[PDB]
Amino acid sequence: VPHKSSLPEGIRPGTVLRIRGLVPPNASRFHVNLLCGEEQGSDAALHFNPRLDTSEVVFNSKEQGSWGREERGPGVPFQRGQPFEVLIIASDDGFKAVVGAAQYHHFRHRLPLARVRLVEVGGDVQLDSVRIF
Amino acid sequence: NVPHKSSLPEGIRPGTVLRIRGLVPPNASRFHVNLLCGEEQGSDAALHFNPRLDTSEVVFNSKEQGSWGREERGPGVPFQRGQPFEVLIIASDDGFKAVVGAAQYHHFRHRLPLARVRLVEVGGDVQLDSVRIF
Ligand SMILES: OC[C@H]1O[C@@H](O[C@H]2[C@H](O)[C@@H](O)[C@@H](O)O[C@@H]2CO)[C@H](O)[C@@H](O)[C@H]1O
Ligand SMILES: OC[C@H]1O[C@@H](O[C@H]2[C@H](O)[C@@H](O)[C@@H](O)O[C@@H]2CO)[C@H](O)[C@@H](O)[C@H]1O
């Protein structure tokens, strides 16, 4: 099942998104999106997109239809058939991505944190839990 | 067991997430997490976070000039003798947010300025697996 949930007020510096799940043994890719509205293709403050098929993790944002400059984490801290824990942490400057007891990548903001209205987590992924503190 | 005392790598700013995983010993009385503003003993503390199994409570408070402030108390004791626990302390620009296990537990509004906190301490009757500052 894909996870979609609303953040009607916004994310402030201090919001923490915790995701726990499994990467299916035949996964291609999955994604974590933080969006500015209820429509698919709405602006994306963060697109967190680990591709097991091509062995990269990709970070970017979307404004008015078009992707920004892509950012790529180092190595791939996911593996097929194996469970994971991701923390996405919001600062005043960017997003911290923590995967498996270690920081992984920092993503300078491109969109005001305040314009975020939605968390969606879909793709080739089994979710045990998705929660925002 | 062993205690954790750690200097901070970027102080404590809005977005800092301390995660503590461990277990409460079967003969535990009380343990604590401190966000201290100084290295010496009795120093001011922005956050004192003290699960007490002996008096069935969790206290939250700040210390300034040796003088404890207004104590706050969590809902219940989400801590068990002989059992693992996972605690997150998240610094927002409003307060600190204690998350125990899977749910938010309490929110302590800042009292001391976030600028003063330069040390993390975790000790007492707590067996520690991992202490990470993110
Ligand atoms: O930036 C994230 C989106 O990028 C798209 O893929 C990019 C690809 O990563 C890049 O290296 C280059 O080859 O062009 C592609 C566009 O054709 C994905 O297609 C998209 O879903 C997002 O992941
Ligand atoms: O404020 C936290 C500190 O409380 C001290 O104990 C308090 C106690 O919590 C309160 O119920 C009342 O009885 O006054 C006591 C002071 O004797 C602790 O001694 C200190 O370690 C903190 O946990």
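Worth a mention:
- Tally of residues being surrounded by 15 or more Cβ atoms within 10 Å (Cβ to Cβ), closer than 23 Å to A:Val116 by Cα and more than 12 Å from ligand 1 (Cβ to nearest atom) across region A:60-81: 1
- All positions within region A:1-12 that are in contact (Cβ under 8 Å) with a residue 24 or more places away in the chain, surrounded by fewer than 18 Cβ atoms within 10 Å (Cβ to Cβ) and within 14 Å of another protein chain (Cβ to nearest Cβ): A:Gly10, A:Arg12
- If you filter region B:47-59 down to residues that are among the hydrophobic types (A, V, I, L, M, F, W, C) and more than 14 Å from B:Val122 (Cα to Cα), you find that the one that is nearest to ligand 1 (Cβ to nearest atom) is B:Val58.
- Every test in (1) of a type in the set (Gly, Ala, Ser); (2) more than 16 Å from ligand 2 (Cβ to nearest atom); (3) within 30 Å of A:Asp92 (Cβ to Cβ) is passed by B:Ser43 save one, and that test is (2).
- Those strands (runs of 3 or more DSSP E) of region A:64-133 in which at least 3 residues are farther than 22 Å from B:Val99 by Cβ and away from every other protein chain (no Cβ under 14 Å), considering only elements entirely within it, cover A:118-123.
- Here region B:70-83 is the region considered, the condition is being farther than 15 Å from B:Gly124 by Cα and touching a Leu at 6+ places or on another chain (Cβ under 9 Å), and the residue that is nearest to ligand 2 (Cβ to nearest atom) is B:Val77.
- A residue that is under 25 Å from B:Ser130 (Cα atoms), away from chain B (no Cβ under 14 Å) and either of a type outside the set (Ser, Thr, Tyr) or within 16 Å of ligand 1 (Cβ to nearest atom) (or both) occurs somewhere in region A:22-39.
The numbers here are math on the coordinates, done by the rules we state, and not lab data. Reconstructed Cβ throughout: ideal geometry from the backbone, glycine too, with neighbour counts over all protein chains shown.
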